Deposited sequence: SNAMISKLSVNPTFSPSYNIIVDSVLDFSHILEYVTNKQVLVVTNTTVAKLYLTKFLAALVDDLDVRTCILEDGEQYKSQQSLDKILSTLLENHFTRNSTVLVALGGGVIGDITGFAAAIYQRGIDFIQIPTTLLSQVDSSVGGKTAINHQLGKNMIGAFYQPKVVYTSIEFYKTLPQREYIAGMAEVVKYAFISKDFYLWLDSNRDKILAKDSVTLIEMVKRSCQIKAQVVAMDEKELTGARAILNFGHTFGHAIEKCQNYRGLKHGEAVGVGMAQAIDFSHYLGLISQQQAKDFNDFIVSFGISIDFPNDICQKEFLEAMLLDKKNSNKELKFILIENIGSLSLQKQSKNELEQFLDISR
């Protein structure tokens, strides 16, 4: 009835609009409009299932044809093998193209695979997202990227597929581990470097954000989503800025074998590097770099570069992406650029690092 909620209309230029709902309580009924008289398959992992599945099923339980596919927890399971489980469940239970809906209940991993499945099953069926991690709330909810991993590369197979609705709740943070939360906070901070307005907003509401004030967190999520929506709306060209800090981030994950820092933790460290590298190239002053890194730390995000990564391998990891060597660099808050830079510059910059 009278519970703080927030809706944000996202309107893809090549698809019908949908809205991202962010609420203070956990009330899965906000999605019944897209689940009625439909064959529903919920995809989750063991953990999210343990915590939310029986509550979710209970929020429907209206004699509706509902099935579940519980994948294993982990990035390794965003695989073809898991995709086949989702696809067999759909085929074994004769889920038609017309009244089928996949519901992705979980974090980014579940969101990617479920979205991809929905994109290919009979060349596309309704897809509903329920991001249960901060990172997936502010990053998966907009853009339409869906994908799965291959032994030879992560996120190499996928599709652009929009959801019918995105329902999420700040209540999910009550069960989300501190590291996972902070990892997602790195994505939020990224939007602050993209948008000067957001930067000022976060800087003013830090106290409430850290104290987890419901009204504030809801708006924080909403504004992050608006920024990504506005960036993709520019079409994919100047959209590259969303990769601020990912070049260094992806390389950290590759060097640790994706068993060190979480994805979001790597982005945090990566942004700190893009900043320092931006200064090295003379794009920002030392003061600006100190201020920017301070800001990341300001929100509990760690910017320390992992001790177990060698310079040799780290440099090699960044060159694999002959082609040209492009980075997302900062010139000012709200001013990021896709910038081509030599291997020498990169190598010389990493010497200060060791």
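Compare what was deposited with what's modelled and send me the C-alpha-less stretches, numbered from 1. Missing CA coords at 236-239, 326-329.
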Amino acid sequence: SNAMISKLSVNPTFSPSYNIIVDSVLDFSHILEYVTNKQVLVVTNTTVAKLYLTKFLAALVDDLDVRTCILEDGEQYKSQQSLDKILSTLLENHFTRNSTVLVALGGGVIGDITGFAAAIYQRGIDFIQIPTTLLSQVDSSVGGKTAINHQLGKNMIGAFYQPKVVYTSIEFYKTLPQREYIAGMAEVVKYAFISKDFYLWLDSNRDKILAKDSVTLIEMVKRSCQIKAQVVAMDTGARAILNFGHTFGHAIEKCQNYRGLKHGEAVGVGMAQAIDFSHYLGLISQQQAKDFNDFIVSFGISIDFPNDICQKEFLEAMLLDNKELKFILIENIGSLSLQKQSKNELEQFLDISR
From here on, numbers count along this sequence of modelled residues.
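Where do the C-alpha atoms have the higher mean temperature factor in this entry, in 124-132 or in 92-100? It is 92-100.
Decide which of the stretches 276-284 and 212-220 has the higher mean C-alpha B-factor, going by the entry. Looking at the recorded C-alpha B-factors, 212-220 comes out higher on average.
Criterion, highest CA B-factor; candidates, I70, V297, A289, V61: Of the options given, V61 has the highest CA B-factor in the PDB entry.
Specify which of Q137, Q230, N149, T146 carries the largest Cα B factor in the deposited PDB entry. Checking the PDB record, the top C-alpha B-factor among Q137, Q230, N149, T146 is at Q230.
Which third of the chain does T236 land in by C-alpha B-factor: lowest, middle or highest? For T236, whose C-alpha B-factor we compare with every modelled residue in the chain, the answer is the highest third.
For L336, does the deposited CA B-factor place it in the lowest, middle or highest third of the chain? Its C-alpha B-factor belongs to the middle third of this chain's values.
Chain-wide C-alpha B factor ranking for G153, given as lowest, middle or highest third: As the PDB entry reports it, the C-alpha B-factor of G153 lands in the middle third of its chain.
Chain third (lowest, middle, highest) by recorded CA B-factor, residue given as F28: CA B-factor rank for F28: highest third.
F314 by Cα B-factor - lowest, middle or highest third of the modelled chain: Middle third, going by the recorded CA B-factors of the chain.
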